[PDB]
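To start, the structure itself, in structure tokens.
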Amino acid sequence: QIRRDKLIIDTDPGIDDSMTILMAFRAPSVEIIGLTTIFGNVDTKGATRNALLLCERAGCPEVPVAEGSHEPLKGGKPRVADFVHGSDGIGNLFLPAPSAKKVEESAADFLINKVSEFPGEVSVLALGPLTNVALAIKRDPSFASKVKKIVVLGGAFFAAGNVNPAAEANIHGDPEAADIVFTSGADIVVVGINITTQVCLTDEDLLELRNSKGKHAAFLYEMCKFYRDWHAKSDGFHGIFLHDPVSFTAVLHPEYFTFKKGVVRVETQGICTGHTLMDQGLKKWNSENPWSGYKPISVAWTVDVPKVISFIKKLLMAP
Amino acid sequence: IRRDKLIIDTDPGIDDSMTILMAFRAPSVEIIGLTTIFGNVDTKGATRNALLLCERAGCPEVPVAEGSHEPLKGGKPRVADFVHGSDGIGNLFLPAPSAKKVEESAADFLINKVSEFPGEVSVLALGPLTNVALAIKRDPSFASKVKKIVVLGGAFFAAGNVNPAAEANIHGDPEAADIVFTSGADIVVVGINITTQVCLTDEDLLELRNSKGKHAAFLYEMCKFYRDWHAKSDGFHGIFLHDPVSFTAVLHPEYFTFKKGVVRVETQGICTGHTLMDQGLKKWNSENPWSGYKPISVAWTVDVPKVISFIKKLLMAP
Ligand SMILES: OC[C@H]1O[C@H](O)[C@H](O)[C@@H]1O
Ligand SMILES: OC[C@H]1O[C@H](O)[C@H](O)[C@@H]1O
Ligand SMILES: [Ca+2]
Ligand SMILES: [Ca+2]
């Protein structure tokens, strides 16, 4: 009935990625044109397996799943967040293998091809390390102008990281890729954990979800048991933060946030590897520095927490 | 009254000069020496200004010990002459002092005084931390014997002032700052996240010039250049009070709140000079560069009216 905006989700499912993907398949204003997978919460092969299973669970096994890079741009087999998302990446449910199969092309080929087929039409929601997006940008200098918005869940702006004091997980997963994306000149919107740690579902909210008429309520509640237990052990919070679902909310309802423009750079070496730092442009520097001359991006600054929670709950609890 | 022994390590420097003159007039403080470092001006220029400040305050007997001419990594340091003027005091070009520096380097002066009075000597660090790091490396007992080190430096979850990542003192010597912060000494750090909240407007500066303050004319004259830099760079008609706020933390810690946490400094890459604190509110799954070190105190909030009132009272005192 209503106009659908084309969206590619680049993801490492992942418990909150899974919640976001299932919400996105239910959003009537969205047309998911594909899922592109990356490592982080689980190895890339595990992320592809979960993405194919989510397409089957949502009743859309025809939605293409394109497998991305198995390692960051600097190389090396990545250590994955199995202590947060379980050994299978979805809270240790150990589900049977999907029947649907991934497409032949890589995530980077898929991103380039779709953006070239529908110029200015396709937005990218990046929910994991930015390796595939950086590969597309490096391979295609016209990608930045052809893509619509790139909404990124990543970074920690003037706030503690979540892998260590300096870095947020997605950026730490591939700092070089994040620096390439943020300096690409594309229309980028970054939602850091400085924003998403303000948006939580309590144990009571999780029980409300389990008791709801939500299409995937049972599955969402089961995955969230492991996820909630990690938040209790590590952050001392009884419930879960909503990271990937808040970035999806910034795609559909940017009016629930305020944004600041600024050049963003990523530290790629030393103790602060993975740190994201924005130059707001409020001070005139005496000399040039690593933030000089780049095109600024939009950084989520404040969030209307009740409006975001209401929107997420509505999609999760929808029959 | 009983006076707390204090060594001021400094790169004077316009706000360093304001702080030094305030410290010489504080009855609860005994300034046992000034140790100089580069930053706002080359070390030789900082020594010249420190000796001139001792003369101006009527205490030319106060020892001035010259410190390192370069940061620990070596090479000629960048000087903030665009902020503090070519002479480091706002282009006043005043005659050189009669008083002379002592023979001992700043690092050896710090070591010797701390060893003479274990647990009793405090250090107020107003510039890059090179001399303090040299004292820690040269004397393994220094960190345990110094009473407290109060540092004006860093930017905690806030923009730097040399570039988006780094505050000037830390950027001046990142390796030295990392040595000081991981030394295990009783350290208190006051970052520019705190001091950019404390300002003197053009009206406050005029009130100072028109006051009966002992050093009012000199302070106002130095601040002309300083204020012009703030107008051009920060878009603020007035000055921030950086070094005087750290001195206020020494005398009136009750005007601030502090958080404990391990602090590390980035020494390479685009974020060279960045200061980052681990608040310890999250249990990490595995060890990281903030693990295992002794935490330090980081100034977190400030009662701005109380700090401004204290600084103004000291600056305007006859
Ligand atoms: O730091 C949070 C992010 O890392 C993981 O990828 C989570 O799913 C989320 O995207
Ligand atoms: O960044 C401010 C500091 O740098 C300079 O040394 C100033 O005097 C102050 O100490
Ligand atoms: Ca994710
Ligand atoms: Ca100083």
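Here is how names work: the chains are called A, B, and so on, in the same order as the sequence lines, proteins then strands, and each is numbered from 1. For ligands, and for the atoms within them, numbers begin at 1 and follow the listed sequence. Heavy atoms only: backbone and side chains are in, while hydrogens, waters and symmetry mates are out.
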Original post:
Please walk me through it: do B:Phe225 and B:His84 pass ring-ring contact (aromatic ring centres under 6.0 Å, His included)?
Top reply: CA-CA 7 Å; B:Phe225 189 93; B:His84 297 272; 8.5 Å; no
Original post:
What protein heavy atom sits nearest atom 9 (C) of ligand 2, and how far off is it?
Top reply: B:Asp243 OD1, 3.3 Å
Original post:
Centres of the A:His70 and A:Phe39 rings: under 6.0 Å?
Top reply: no
Original post:
Of all the atoms in ligand 2, which lie at a distance below 4.0 Å from a heavy atom belonging to B:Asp16?
Top reply: 8 (O)
**OP:** Go through ligand 2 atom by atom and flag the ones less than 4.0 Å from a non-hydrogen atom of B:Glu167.
**Re:** 1 (O), 2 (C), 3 (C), 4 (O)
**OP:** Go through ligand 2 atom by atom and flag the ones less than 4.0 Å from a non-hydrogen atom of B:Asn161.
**Re:** 1 (O), 2 (C)
Original post:
Which of the listed options, B:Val190, B:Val41, B:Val151, B:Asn40, holds the heavy atom that is closest to atom 5 (C) of ligand 2?
Top reply: B:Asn40
**OP:** Return yes or no for this condition: an N or O of B:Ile192 is under 3.5 Å from an N or O of ligand 2.
**Re:** no
**OP:** Mark up the atoms of ligand 2 that fall under 4.0 Å of a heavy atom belonging to B:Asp11, in ascending order.
**Re:** 5 (C), 6 (O)
Original post:
Does one side chain, of A:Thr48 or A:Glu67, offer a donor that lies under 3.5 Å from an acceptor on the other?
Top reply: yes
Original post:
Can you list the ligand 2 atoms lying under 4.0 Å from a non-hydrogen atom of B:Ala168?
Top reply: 1 (O), 4 (O)
Subject >> Check: B:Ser68 and B:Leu134 side chains under 4.5 Å, non-hydrogen atoms >> reply: yes
Original post:
List-wise, which protein N, O or S atoms are found short of 3.0 Å from the Ca ion (ligand 3)?
Top reply: A:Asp12 OD1, A:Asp17 OD1, A:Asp17 OD2, A:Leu127 O, A:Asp244 OD2
Subject >> Distance in Å, B:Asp15 CG paired with B:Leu126 CG, rounded so as to fall on 0.5 Å steps >> reply: 7.5 Å
Subject >> Ligand-side contact atoms (ligand 2) for residue partner B:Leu152, heavy atom cut-off under 4.0 Å >> reply: 3 (C), 9 (C), 10 (O)
